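2 protein chains.
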Amino acid sequence: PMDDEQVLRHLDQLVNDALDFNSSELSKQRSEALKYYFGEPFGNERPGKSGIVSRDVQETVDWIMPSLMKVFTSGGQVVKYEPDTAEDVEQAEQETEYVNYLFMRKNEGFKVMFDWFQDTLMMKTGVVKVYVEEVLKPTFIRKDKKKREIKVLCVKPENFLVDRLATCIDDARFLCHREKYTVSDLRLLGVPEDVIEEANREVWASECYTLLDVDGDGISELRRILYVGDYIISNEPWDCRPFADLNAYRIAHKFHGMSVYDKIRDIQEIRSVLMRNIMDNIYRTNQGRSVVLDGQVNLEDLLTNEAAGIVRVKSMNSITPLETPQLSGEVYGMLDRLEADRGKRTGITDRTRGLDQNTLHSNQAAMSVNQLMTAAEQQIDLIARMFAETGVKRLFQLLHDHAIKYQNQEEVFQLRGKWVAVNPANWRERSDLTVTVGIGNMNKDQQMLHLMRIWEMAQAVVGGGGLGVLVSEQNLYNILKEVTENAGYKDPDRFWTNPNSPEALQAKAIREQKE
Amino acid sequence: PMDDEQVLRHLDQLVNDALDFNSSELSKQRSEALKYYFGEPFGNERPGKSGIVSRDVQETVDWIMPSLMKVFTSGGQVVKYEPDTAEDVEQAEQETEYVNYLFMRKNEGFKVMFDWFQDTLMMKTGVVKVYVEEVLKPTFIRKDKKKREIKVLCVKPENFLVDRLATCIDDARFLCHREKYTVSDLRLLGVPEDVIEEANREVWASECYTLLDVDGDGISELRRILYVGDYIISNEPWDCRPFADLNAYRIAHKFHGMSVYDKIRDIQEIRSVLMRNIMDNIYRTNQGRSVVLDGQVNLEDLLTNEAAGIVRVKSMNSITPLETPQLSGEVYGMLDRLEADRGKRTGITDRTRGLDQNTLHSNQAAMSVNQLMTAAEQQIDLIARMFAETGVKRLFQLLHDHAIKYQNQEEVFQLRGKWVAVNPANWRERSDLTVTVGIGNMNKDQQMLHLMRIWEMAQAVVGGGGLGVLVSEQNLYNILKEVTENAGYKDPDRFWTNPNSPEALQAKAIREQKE
């Protein structure tokens with residue numbers, strides 16, 4: 024109750040414990056993963072022997088990434104809102120397009136997404152941070168005064184201290200983010216002096232989000248602490264934690280899931296060892312092994328690698344050359360099956376290429392039954408599913424950060440017009456069904472089903488019954504509209520519009536009826 | 024506060040530190056990469072033995088380049104602007120076409136692009152510089168006076184000193200560019216004397232971009248310093264750093280990403296060693312290995328390579344010829360799989376040739392499912408995506424440097440007419456979606472989907488319902504306009520225009536109605 028200095032030492036103790044545990048465990052694991060990625064020697068390499076390391080996780084990551092970026096960083100259809108039925112187009116589409124328009128094309132593009140995906144695929148956990156800034160450009164043309172802009176950035180997860188007893192973002196009692204916050208930022212804040220650590224002195228700082236009770240009452244809400252160096256700090260009650268913390272594999276109830284390294288390290292070790300053995304056997308067979316006596320053949324055949332062929336002995340005549348058998352063809356098959364198993368584990372793409380010109384293509388029905396059930400239920404779809412289910416948290420965080428206060432700014436969603444984004448509703452609910460393992464039909468198959476099935480059905484309806492009783496031009500407009508949606512030229516470039524418009528009235532009730 | 028000379032020594036210290044660190048680390052890495060590229064010996068070659076070096080990064084780079092040139096140096100559709108809806112054609116198309124027309128066909132062509140791609144694939148980072156000139160030709164025909172022309176150029180990245188704590192272009196506190204700026208340029212500037220270092224004395228100069236506080240206040244904005252030789256300098260507050268610093272692989276939060284060499288050096292080493300071993304084994308088997316005594320067979324078989332067949336000994340009769348086994352066909356498989364793995368890493372194009380004449384071609388739907396999902400999610404697409412998202416910064420830099428003040432010059436975009444380029448808007452937003460991993464359908468697939476699908480859809484609409492209520496002639500003109508867009512004869516060579524034009528009035532209300 025009424026704590027002002029003991030909170031500083033308590034936070035310092037918590038930060039020190041987090042540093043020790045996180046550093047030891049996660050730094051060890053991530054250093055192992057990074058050394059595995061860059062083909063660093065494992066430590067068992069022998070002097071005077073090749074240190075051949077078969078990079079195996081590099082290709083795995085480089086083939087996981089393009090699928091995820093194709094399925095995510097293409098359009099703003101990743102997440103919907105689905106509000107109450109009558110009021111949907113008023114805000115749900117507007118708010119979804121707004122959060123898409125500010126996450127993409129407004130916040131460093133998808134570069135943050137690339138760094139986030141590297142963090143979640145390499146450091147076993149990828150997390151970003153959402154904060155605000157202020158634009159005060161005194162240009163008296165584009166006088167954008169008092170622009171409290173929202174920015175999202177990756178946090179270099181080595182500086183993402185958090186207690187282990189969370190198992191979720193909204194379950195931790197303490198989160199620490201280590202930043203620099205150089206002397207320029209401190210001077211802007213207003214502190215008069217410096218700490219132990221030219222104006223810029225590369226000082227270190229930290230930010231703490233934790234729930235406590237400093238008002239002499241029960242446990243209060245979240246508090247943000249600008250604990251830099253045990254000095255003038257910024258303590259303030261907060262509302263929500265702006266973090267996303269992917270894990271990319273969703274292990275049982277522990278916070279940090281495994282990474283690609285954690286499940287392909289054995290494959291990489293086996294492949295590297297076998298490659299070293301193969302090339303060592305080749306080198307030994309070419310160089311040759313022989314037993315020589317002491318006192319004769321002192322020249323050790325001049326390393327036996329001299330391009331002369333003359334050995335010379337002294338006086339001894341025998342020399343015992345031992346034979347090292349050459350490895351059979353089974354090892355080639357072992358490498359082939361090792362690569363096949365590595366692919367089967369996560370990168371089920373086979374050779375990641377389609378340069379088989381002799382092969383042909385044939386479809387029986389439903390577009391080769393959905394390309395053989397999406398290449399037999401690719402794990403990539405599940406990975407994207409959970410990636411989207413966790414980015415729902417980021418999208419909600421940005422929606423809240425706009426609903427508090429951003430600006431009177433507008434969008435370009437197929438037509439001009441968007442009011443101030445400070446009075447939407449949160450809707451407390453999001454949906455990402457249109458991406459992945461759910462209904463989530465990929466555009467190339469969703470459009471095939473849609474076009475073929477529904478179009479032939481509609482043609483049969485028009486020919487047989489009539490567009491009056493059954494589907495009319497109003498719904499035929501949608502039949503074209505999602506087709507153009509899959510084509511990408513949705514509203515303005517190919518109108519087809521005719522919902523109920525003044526031009527539609529002339530087109531329909533003048534020439535089509537009085538003809 | 025009020026610093027006029029300590030800034031010189033501070034900048035000198037920063038430049039010296041950057042020189043030391045950048046030189047050591049990056050110069051070592053780039054020298055290794057360059058030696059690997061030109062097939063230079065690795066240092067482990069033995070005297071009197073073949074120094075065969077199997078070049079592997081050469082073909083990789085020579086296959087990466089053409090895809091980049093095809094996807095970038097073809098048309099001005101790489102980057103759009105997407106402004107507010109109502110005012111789009113007024114400036115967005117105009118400004119986009121202007122920046123394309125000034126970067127291309129006006130500034131050295133794409134040679135800058137070629138050098139940029141070599142720099143970003145060779146030295147782990149490719150960066151260009153954008154500056155302004157002043158052409159004052161007194162040709163009193165083409166009186167081109169006050170030609171504040173903007174020019175871009177690659178900067179030979181060995182002269183791009185920058186601190187390591189940036190991790191981004193607009194995050195470094197200090198950027199240094201080393202130039203020559205010979206005595207002619209110094210005399211033009213107005214300095215009276217020379218430095219330690221014929222009129223031309225190949226003098227050395229440097230340009231510094233860094234934020235400081237020299238006005239006795241808080242840390243100010245960026246300053247440009249003409250720090251040449253610790254002499255008369257040109258200090259001035261600046262606005263934006265004109266660099267783009269491609270990295271081509273987007274490693275985790277460090278400035279310099281890895282290059283092709285950093286991931287194919289192991290493959291090159293393995294292939295070179297294995298080829299050397301193979302040819303050494305062949306040469307040894309042809310030459311042969313035999314053991315001879317001392318004092319007899321002193322002629323060492325005349326190096327055993329004489330085309331005579333007569334050996335001669337002395338008086339002994341034994342001779343011990345040892346047998347070196349010949350390499351089996353398993354090494355054939357090792358070479359094949361090594362080439363396959365080198366391709367699968369980045370150069371996923373298999374032999375880059377389609378002279379398999381016995382092969383055929385067949386399609387089930389969606390044009391062989393989009394050439395099998397773009398050859399199974401080509402890494403080239405992701406590389407082009409990141410290049411576009413990084414060159415967006417360069418395009419914005421050019422737009423700013425032109426919108427500040429350039430000239431009253433015009434364009435040839437499908438028609439004459441373009442006003443002065445000093446009053447556009449920056450729009451603070453760019454889009455490169457029409458190229459790459461996003462919706463971004465490559466022209467051959469976009470055109471197939473668009474043309475085919477939309478064409479049977481429109482024909483069915485016209486036959487069944489009618490062009491009146493549904494899609495009209497205006498939207499059919501858009502259909503044909505994008506069809507020709509995919510072909511390159513867009514507006515004038517095949518008009519089809521009829522949007523609403525003086526000829527369109529007679530086309531509609533005279534022939535089509537009174538027939």
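Chains P and Z, in that order, are what the protein sequence lines are. Residues in the first sequence are numbered from 24 upward in steps of one, following my numbering. Residues in the second sequence are numbered from 24 upward in steps of one, following my numbering. All C-beta atoms, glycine included, are put in the ideal place defined by N, C-alpha and C.
Residue i, enclosing alpha helix (DSSP H) - first and last residue
i                      : result
P:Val155               : Note, P:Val155: premise wrong, no alpha helix (DSSP H); beta strand (DSSP E) at 151–155.
Z:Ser90                : 80–95
Z:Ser295               : 283–310
residue 553 of chain Z : Here chain Z comprises residues numbered 24 to 538, so residue 553 of chain Z is not present and cannot be evaluated.
P:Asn393               : 389–400
Z:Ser207               : 206–212
Z:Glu68                : Z:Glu68 -> no alpha helix (DSSP H), and no H or E assigned at all.
residue 10 of chain Z  : This structure gives no information on residue 10 of chain Z, because the portion of chain Z shown stretches from 24 to 538.
Z:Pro525               : 525–529
P:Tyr355               : 353–368
Z:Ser54                : 51–60
Selected residue, minimal CA-CA separation from residue i, among the options
i        : options                                : result
Z:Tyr254 : Z:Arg312, Z:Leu405, Z:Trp227           : Z:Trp227
P:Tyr60  : P:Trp519, P:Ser282, P:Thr343           : P:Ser282
P:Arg335 : Z:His384, Z:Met396, Z:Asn182, Z:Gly318 : Z:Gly318
Z:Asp26  : Z:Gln114, Z:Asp240, Z:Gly98            : Z:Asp240
P:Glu433 : Z:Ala109, Z:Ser351, Z:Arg360, Z:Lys51  : Z:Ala109
Z:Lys504 : Z:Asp167, Z:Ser257, Z:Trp519           : Z:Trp519
P:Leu269 : P:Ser338, P:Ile192, P:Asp285, P:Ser313 : P:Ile192
P:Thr190 : P:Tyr512, P:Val135, P:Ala426, P:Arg273 : P:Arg273
Z:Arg408 : Z:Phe419, Z:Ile462, Z:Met480           : Z:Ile462
P:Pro344 : P:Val315, P:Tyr250, P:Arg264, P:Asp468 : P:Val315
P:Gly62  : Z:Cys231, Z:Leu42, Z:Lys286            : Z:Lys286
P:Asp468 : P:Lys428, P:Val392, P:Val494           : P:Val392
Z:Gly370 : P:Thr375, P:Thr233, P:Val76, P:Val485  : P:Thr375
Z:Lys160 : Z:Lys152, Z:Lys170, Z:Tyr154           : Z:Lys170
P:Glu244 : P:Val494, P:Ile256, P:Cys231, P:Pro260 : P:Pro260
Z:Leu125 : Z:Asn45, Z:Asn67, Z:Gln349, Z:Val175   : Z:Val175
Z:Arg312 : P:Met339, P:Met298, P:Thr327           : P:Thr327
Z:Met127 : Z:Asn509, Z:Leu418, Z:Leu209, Z:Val506 : Z:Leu418
Bridge partner(s) assigned by DSSP for residue i
i        : result
Z:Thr343 : Z:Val314
Z:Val185 : Z:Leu198
P:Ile333 : Z:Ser313
Range of the contiguous beta strand (DSSP E) that encloses residue i
i        : result
P:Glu202 : 197–202
In chain order, what residues of the region 380–406 of chain Z put their CB closer than 9 Å to some CB of chain P? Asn381, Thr382, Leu383, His384, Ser385, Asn386, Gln387, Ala388, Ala389, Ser391, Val392, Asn393, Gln394, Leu395, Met396, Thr397, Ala398, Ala399, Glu400, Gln401, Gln402, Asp404, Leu405
Which full runs of the alpha helix (DSSP H) of 4+ residues lie inside the region 445–510 of chain Z, going along the chain? Here the runs fully enclosed are 466–471, 477–487, 496–508.
Using a Cβ-Cβ cut-off of less than 8 Å, give me the residues of the region 32–49 of chain Z that come near chain P, in sequence order. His33
Compile a chain-ordered list of the residues in the region 121–135 of chain Z whose CB is closer than 8 Å to at least one CB of chain P. Answer set for the region 121–135 of chain Z: empty.
At 3 residues or longer, and completely inside the region 217–272 of chain Z: list those beta strand (DSSP E) runs for me, N to C. 228–234, 245–248
Could you give the uninterrupted runs of the beta strand (DSSP E) lying entirely in the region 95–176 of chain P, keeping only those of 3 residues or more? 151–155, 168–170
Which residues, in chain order, does the region 211–244 of chain Z contribute to contact with chain P at a C-beta distance below 7 Å? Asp236, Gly241, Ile242
Output needed in chain order: residues of the region 330–346 of chain Z with a Cβ under 7 Å from some Cβ in chain P. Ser341, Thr343, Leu345
Where the region 50–75 of chain P meets chain Z: residues whose CB sits under 7 Å from a CB there: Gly62, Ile75
For the region 510–524 of chain P, which residues have a beta carbon sitting closer than 7 Å to at least one beta carbon of chain Z? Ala510, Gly511, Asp516, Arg517, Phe518, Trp519, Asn521
Pull out every residue of the region 428–456 of chain P whose Cβ sits closer than 9 Å to any Cβ of chain Z, in chain order. Among the residues of the region 428–456 of chain P, those with a Cβ less than 9 Å away from any Cβ of chain Z are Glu433, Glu434, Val435, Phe436, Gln437, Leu438, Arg439, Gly440, in the order of the chain.
With 9 Å as the limit, tell me which residues of the region 350–381 of chain P have their beta carbon closer than that to any beta carbon of chain Z; keep them in chain order. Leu350, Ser351, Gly352, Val354, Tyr355, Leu358, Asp359, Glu362, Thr372, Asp373, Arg374, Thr375, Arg376, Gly377, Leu378, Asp379, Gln380, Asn381
Using Cβ-Cβ distances below 8 Å, what residues of the region 175–187 of chain P are close to chain Z? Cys177, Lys179
Jot down the residue ranges of each uninterrupted alpha helix (DSSP H) in the region 393–442 of chain Z, minimum 4 residues, whole runs only, in chain order. 402–427
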